[PDB]
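to kick things off, part of the complex as it is:
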Amino acid sequence: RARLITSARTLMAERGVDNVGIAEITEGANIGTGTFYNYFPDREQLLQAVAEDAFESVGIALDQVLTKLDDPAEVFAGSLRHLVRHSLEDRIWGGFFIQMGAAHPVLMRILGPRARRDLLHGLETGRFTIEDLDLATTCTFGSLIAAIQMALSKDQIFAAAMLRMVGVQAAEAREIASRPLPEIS
């Protein structure tokens, strides 16, 4: 399971998140075809772990750079912008949305806590207006997907449209989502 993730991850960077079969994976992991079924029941099961592991690397990366900005509205925008500006570059990431269906839950498990973290912080600050830190937190993810699938057929027009939903002044919104974006790595 250790390598098994990072095996299929590697076989996507330049092979399509959909052209990976156990045969290659198990071999990269260094286990026999009939042993993979001892660490992952399905194949959507592995692909999902490949996803979590991916969001998590950014989930971590975000924390160590963005919540280091005093304004809540920016730490949210910033993280969001990164997530969109990410799905556009990473080949592997593109596949996680316009292809992976658990794309929503997968996000509620890796960023869900982080999302509520920031939506709550910017709330107790009076910066945001939230009447359900969960619905706000889920729509911030339903949106993130639909916004990306569309964009894969903006990393600002989007952020700007989320801060808005979190109550921010329509105008002041597009200004924050449009500020210089710190580096994620």
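Now that the structure is in, tell me what you want to look at. Numbers count the residues shown, from 1 in each chain, chains lettered A, B, ... in the order given.

going forward, measure contacts between C-alpha atoms and count neighbours the same way
OK.

how much space separates the residue nearest to residue A:147 when sequence neighbours are not counted from residue A:174?
For residue A:147, ignoring the flanking residues on the chain, the nearest one in space by Cα to Cα, 6 or more residues apart in numbering is residue A:158 at 7.2 Å. From residue A:158 across to residue A:174, the span is 9 Å (Cα to Cα, to the nearest Å).

what do you get for residue A:29?
For residue A:29, the distance to residue A:174 - Cα to Cα - is 46 Å.

neighbour count winner among these two?
residue A:174 (21 against 17; other Cα atoms under 10 Å).

which one is that one nearest to, not counting chain neighbours?
residue A:160 (4.6 Å).

again with residue A:134
In space, residue A:134 is closest to residue A:116, 7.1 Å off (Cα to Cα, 6+ apart).

helix or strand: which one has that neighbour?
For residue A:116, the enclosing helix or strand under DSSP states H and E is helix A:112-124.

now the helix or strand following that helix - C-alpha only, CSV.
Later in the chain than helix A:112-124, the nearest helix or strand by DSSP H and E is helix A:135-151. Coordinates of each C-alpha in helix A:135-151 appear next as CSV, following Å, rounded to 0.1, in the frame of the first residue of the first chain:
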residue,chain,number,x,y,z
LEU,A,135,-23.5,23.8,4.0
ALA,A,136,-21.2,26.7,3.3
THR,A,137,-18.3,24.3,3.6
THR,A,138,-19.9,21.7,1.2
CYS,A,139,-21.0,24.2,-1.4
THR,A,140,-17.5,25.5,-1.4
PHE,A,141,-16.6,22.1,-2.7
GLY,A,142,-19.5,21.3,-4.9
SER,A,143,-18.7,24.6,-6.5
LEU,A,144,-15.0,23.9,-6.8
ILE,A,145,-15.8,20.9,-8.9
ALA,A,146,-18.4,22.3,-11.3
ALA,A,147,-16.3,25.4,-11.7
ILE,A,148,-13.4,23.2,-12.7
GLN,A,149,-15.2,20.8,-15.0
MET,A,150,-16.5,23.9,-16.8
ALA,A,151,-13.0,25.4,-16.9
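
can you add chain B next? sequence is:
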Amino acid sequence: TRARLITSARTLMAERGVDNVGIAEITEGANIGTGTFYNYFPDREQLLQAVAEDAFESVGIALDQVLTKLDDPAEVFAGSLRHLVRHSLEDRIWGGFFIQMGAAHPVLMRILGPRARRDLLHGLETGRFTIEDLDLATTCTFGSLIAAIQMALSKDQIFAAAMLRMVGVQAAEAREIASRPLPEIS
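With chain B added, the chains above now look like this:
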């Protein structure tokens, strides 16, 4: 014929489980076999969606005969949403399109989609809203309805407040306009 079929399936699925409603048992309804239909319709998935779009065009056409007659646009919208939310938590057939369909969003876009563009665009001219990508606004709205109804299936005023606060309505004035008396429909 592609009328009786979608009806046939609704009863079955609404009472067996969308997941176990073969192309067979469905046509037996509108009396046909299994190999007969695969021809009429391309795949079972289409028919399932034919039931989806069709199940939306119902409440849709219906929501147009009412809500649009309202004055404030942020209401017509919020109101039309609060109605879509209610309907989901109210039907074994609807709350079964979301938590089970991938088209969830895409079909919602084809049917109610435009209607949401129409009303948004308008409130956008009345000065009511502050949208920047009418597309991104109409898709995020539905991607949110699904994402929200799903949570609420494991609140309609609360979601609508958000949906307005997203299109630009005053963060505060948002909830008032949401909590107003929701008119009847179909």
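
picking up where we left off before, can you list contacts of the helix holding residue A:116?
Outside helix A:112-124, the residues that touch it by Cα atoms under 8 Å, 6 or more residues apart in numbering or on different chains are A:59, A:71-73, A:75-76, A:128-130, A:133-134, A:136-138, A:166.

now do the buried residues in it.
A:112, A:114-116, A:118-123 (16 or more other Cα atoms under 10 Å in any protein chain shown).

one more: stretch A:19-35?
A:20, A:22, A:25-26, A:28-29.

and which of these is nearest chain B?
residue A:20 (22.4 Å; Cα to the nearest Cα).

which strand or helix spans the closest one?
Counting by DSSP H and E, residue A:20 is found in no helix or strand.

residue contacts, it?
By Cα under 8 Å, 6+ apart, the neighbours of residue A:20 are A:8, A:11-12.

which one of those residues is nearest chain B?
For those, the nearest to chain B is residue A:12 (23.2 Å; Cα to the nearest Cα).

does the closest one touch residue A:92 like I think?
Yes - contact criterion Cα atoms under 8 Å: residue A:12 and residue A:92 qualify, at 6.0 Å.

so which of these two has more stuff around it?
Neighbours per residue (other Cα atoms under 10 Å in any protein chain shown) separate residue A:12 from residue A:92, with residue A:92 holding more: 23 against 19.
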